[PDB]
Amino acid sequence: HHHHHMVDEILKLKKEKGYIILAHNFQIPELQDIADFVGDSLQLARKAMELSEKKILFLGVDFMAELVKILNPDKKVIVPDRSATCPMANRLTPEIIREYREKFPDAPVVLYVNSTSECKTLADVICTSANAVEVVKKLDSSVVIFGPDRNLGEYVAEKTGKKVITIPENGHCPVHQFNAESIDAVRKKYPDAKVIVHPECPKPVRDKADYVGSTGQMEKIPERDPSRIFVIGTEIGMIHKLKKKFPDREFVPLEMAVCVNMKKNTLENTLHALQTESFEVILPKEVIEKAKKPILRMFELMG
């Protein structure tokens, strides 16, 4: 195979330098295939609390890399492309959070993991799409401030029956903005398929699906549902992961959806990352000290 040169040197350097490679489900297939651990944000977070390796090569977006570093302040965490980021996460600011706390002083601030680390210092608790409902449901308040994703926050309100005040205005992920007409069409084409969509999808898409969950939840659905075909309403990288786990099922994208930021990581720049041991994820000590609190609380409110 024409990529063997890069694959081989990645595997040699990883072993030589004492790295573990962690990847998100939306990384390109070639990188998922060289990673030691591939999963969703919640799975990556739990892995980050548990791993023993002194050095971590993280393959995803910056807020995830930073969470891994917050949970491992004394380990070296590197990323191939320091600009890989989540634009949705980036629209929420400290300024907005403080405005809404004042406006709603007894509402806890619940931040989606897709948020800047500075913003996380201001949060009462963090959540991911897999545990957002459980986390908010276990809080002792009928109103919560939630951001940055309006769709997830609305989904939380539905499932919990609580009032969810979303910040900022119109926070959403462009990648998950499917039209519900694509489900209609796919029902005609594959009448016995099961439709699985992300909670970041708009309400009409969520409401027409058979299942709604994080990518980690998506991967467990075929363990209990015997359907021959699943239609997947998330970023394209998940198709590879699903097909690999369940080669006897068919996985069909709801629509082709690509996260440009998740695609910034390549075999070539991942090799360079191992060769140079760059770019290190560095945070102020204060940010780590402060952002760790709502991350650890997330885990307390699961069990």
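All residue numbers are counted from 1 along the displayed sequence. Here, rigid core means the biggest group of C-alpha atoms that superpose within 1.5 Å across both forms.
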In terms of RMS C-alpha distance in 4 other deposited structures of this protein following rigid core superposition, 248-256 and 51-59 differ, and the farther one is 51-59
Between 260-268 and 39-47, which one strays more from this form in 4 other deposited structures of this protein if you match the rigid core and compare Cα atoms?
39-47
Look up the CA B-factors in the entry and say which stretch, 13-21 or 282-290, has the higher mean.
282-290
With reference to the PDB entry, specify whether the mean Cα temperature factor is higher for 267-275 or for 242-250.
242-250
Scanning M218, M88, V195, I126 for peak Cα temperature factor in the entry gives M88
Max C-alpha B-factor within the set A157, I232, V77, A209 falls on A157
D33's Cα B-factor: lowest, middle or highest third of the chain?
middle
Position of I236 among the chain's modelled residues by C-alpha B-factor, lowest, middle or highest third:
lowest
Chain-wide C-alpha B factor ranking for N72, given as lowest, middle or highest third
middle
By the recorded C-alpha temperature factor, relative to the other modelled residues in its chain, which third is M49 in?
highest
Considering every modelled residue of the chain and its Cα B-factor in the PDB entry, is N114 in the lowest, middle or highest third?
middle
